[PDB]
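Next up is one chain by itself, shown in structure tokens, the form deposited in one PDB entry.
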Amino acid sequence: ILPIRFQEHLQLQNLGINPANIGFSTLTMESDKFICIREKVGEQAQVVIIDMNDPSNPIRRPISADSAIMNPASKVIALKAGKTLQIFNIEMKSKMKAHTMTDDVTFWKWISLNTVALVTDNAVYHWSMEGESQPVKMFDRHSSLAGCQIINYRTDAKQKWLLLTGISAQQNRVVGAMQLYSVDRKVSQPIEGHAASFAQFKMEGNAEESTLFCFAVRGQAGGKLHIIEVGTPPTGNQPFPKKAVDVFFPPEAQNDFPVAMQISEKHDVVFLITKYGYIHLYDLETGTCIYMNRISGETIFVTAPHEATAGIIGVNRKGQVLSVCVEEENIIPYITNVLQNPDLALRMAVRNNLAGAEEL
């Protein structure tokens, strides 16, 4: 028995997608609901929009944009061309919003149902879709990210803790540079890191949730995963004790590093995917490594939460759309019997209402 389940949802090449467009710059998956692919067919640039609830009927529309990102929940699409940003409601055939920046946008992403984050060479902005909002600057970029390829941006649930991640080549390895910014303190901290997520976690005996910051890094010393509370604990709460654990890379994976993280708050577990397609599962509370295996030969270059299972969904370079999630019937007996860790097994069983710790 295995503590995780691995599923294929789609092969994009079966929908006529050119494998040259299956990559970070042309294929976006902002949630598990849609995949957008920018393609050129003859003379005309187009966007192919795959509705994951109706995947054999993609729509193709002409575009003149250098990037397209679908809203996480609705058929509302953001497109840009240099400094021009436009937002469309597809079913209304309507241009919702248009804005002209004074800098090119090198990376952008939906960070919520109604806010787009914009990263320029110099700063990070948030742009709300509510009312007549224009972009608001959140922070200036830290010099440690200068010249990096920006690969991710995320926030905590309350948008008070913000995290920008870039990568570059240094001493012949891919080095991660992160900028953590506190909205309330107006302070940044540079941190070496490859993939990260925030999470809400309520410790037993606390009345309020803790906001945790989790990141994984392959540093010069090796792989590490950190889980740390950000901010002052809510009044009355005990602080979450920080955790730090090794992230293992086998000897043949000397050039591998973390590329994606999703945290399930249903099960309080951390999914980590590496550049060369390894999947790890960690306990969010302790950092304990529950499971590692290999899910792809090809790099998985984009991921999202898989809402139905509280797992992770991703696309690889071949165009396989794959998800991983906790096997709810197996995880507890796996931890008890294979990991020989009845203490973690019993804690997780009661913490997340999972079967299997009736016998330890």
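Residues that one form lacks are left out of the comparison. Position 1 is the first residue in the sequence shown; the rest follow in order. Rigid core (definition): largest C-alpha set, two forms, superposition within 1.5 Å.
What comes next is about the form deposited with a partner chain bound, which is not displayed.
In summary, the region of this chain contacting the partner chain in the deposited complex, judged by heavy atoms within 4.5 Å and restricted to 130-138, 264-272, 143-151, 281-289, corresponds to 143-151.
With respect to the partner chain in the deposited complex, the three residues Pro72, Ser197 and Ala199 uniformly fall beyond 4.5 angstroms at the level of their nearest heavy atom. Contact check for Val259: a heavy atom falls within 4.5 Å of the partner chain in the deposited complex. The shortest heavy atom separation between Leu113 and the partner chain in the deposited complex exceeds 4.5 Å. Of the heavy atoms in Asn330, none are within 4.5 Å of the partner chain in the deposited complex.
Proximity of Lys40 to the partner chain in the deposited complex: non-hydrogen atoms within 4.5 Å are absent; the residue sits far from the partner. For the candidate set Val174, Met101, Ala157, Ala123, a heavy atom within 4.5 Å of the partner chain in the deposited complex is found for exactly one residue, namely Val174. Here is what shifts between this form and the one not shown when you lay the two on the core: just one run of at least 3 residues, every Cα off by 2 Å or more, at 170-172.
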